[PDB]
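The structure appears below as structure tokens.
Nothing in this text is a laboratory measurement; each read-out follows from the coordinates by a stated rule. Backbone-built Cβ (ideal geometry, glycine too); neighbour counts: all protein chains shown.
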């Protein structure tokens with residue numbers, strides 16, 4: 001299997017409960033957890049990385065972890081997550097056309113990695129015109145896009161970044177740029193944010209590495225109080241709302257050469273005419289780190305910037 005072509009143990013200096021950094025009791029819980037799922041006849045996604053993510057999300061309470069894993073398998077099957085990349089590929093032409101329309105208005109792109117080797121993810125909400133967005137896309141479509149990325153993240157980005165880091169990478173480093181948004185719109189999209197939180201927390205536990213929110217307007221703390229209610233304790237702890245010193249905070253976690261110039265870094269596209277919202281640069285593009293899983297599909301079609 002592909003799991004054999006990249007590190008399956010995290011850095012020895014990663015958080016507790018991660019692959020290769022278990023206590024005796026955690027190691028035993030894992031074996032018992034996998035034993036129960038095997039007995040229930042599950043076959044897929046029973047690797048240490050996956051199972052430990054569920055165990056951590058439930059504090060190694062085995063039965064509560066089994067319930068969570070069982071529900072996730074059902075959901076993946078009913079929602080179509082198990083074939084989402086395949087389905088996308090079978091209709092690439094059309095999906096890419098739709099994707100390119102929203103790219104400039106709602107930038108979502110990966111750009112290298114943080115200091116621990118985690119994929120560096122950026123999203124800018126400032127140029128979003130809700131009226132125009134509802135006219136060209138739907139919330140369900142965007143949720144689909146989210147689920148597809150979780151799958152792309154696991155099959156392409158993780159193996160590549162892990163081979164480059166020399167150890168298992170299970171999470172990402174996300175930067176949410178809120179410069180230019182209206183709190184008004186923020187409140188208007190609460191239900192969508194709630195849907196994102198539910199998919200993430202229920203079916204993709206422990207995928208959050210670092211989550212920074214920069215350029216948030218005054219009074220964002222108020223609106224965020226509306227969001228915390230449906231976020232789990234661990235999720236909140238991974239979210240950091242930065243102030244005017246955000247650049248110094250980002251530079252502690254991200255190599256300056258990987259950080260875009262406008263965020264305090266020195267990273268520039270090889271062609272200062274390409275747009276960051278059409279880019280997908282990272283280890284998953286380096287032939288030296290791409291394995292039997294093959295290279296990740298190009299989300300922005302012919303426009304996809306791979307440098």
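For the chain, the longest principal axis of the alpha carbon atoms and the long axis of helix 139-152 meet at an angle near 60°.
Once the Kirkwood radius over Cα pairs is known for region 202-307, the Stokes-Einstein relation at 20 °C and 1.002 mPa s delivers a diffusion coefficient of 128 µm²/s.
The gain in end-to-end length when the residue 46 to residue 189 segment is fully stretched comes to 47.9 nm, 0.36 nm per residue minus the alpha carbon separation. The stretch between residue 134 and residue 101, if pulled fully straight at 0.36 nm per residue, gains 10.7 nm over its current Cα-Cα span.
Over all directions, average the projected area of the Cα convex hull of the chain and note it in nm².
15.9 nm²
For the chain, find the longest principal axis of its Cα atoms and tell me its angle to the long axis of helix 62-79, 0 to 90°, nearest 10. So the inclination is approximately 50 degrees.
Here is the P(r) of region 100-239: all C-alpha pair distances, binned every 5 Å from 0, give 2, 9, 17, 23, 22, 16, 8, 3, 1, 0 in whole percents.
The stretch between residue 27 and residue 248, if pulled fully straight at 0.36 nm per residue, gains 75.8 nm over its current Cα-Cα span. Altogether, the Stokes-Einstein calculation at 25 °C and 0.890 mPa s, with the Kirkwood radius of region 1-117 over Cα pairs as Rh, returns a diffusion coefficient of 144 µm²/s. Which angle from 0 to 90°, rounded to the nearest 10, does the C-alpha axis of helix 48-57 make with the longest principal axis of the chain? The two axes meet at around 80 degrees. Taken along the Cα-to-beta-carbon direction at a fixed 7 Å, the label points for residue 298 and residue 90 span 2.4 nm.
Placing dummy labels 7 Å off each Cα toward the beta-carbon, the span from residue 199 to residue 2 is 2.0 nm.
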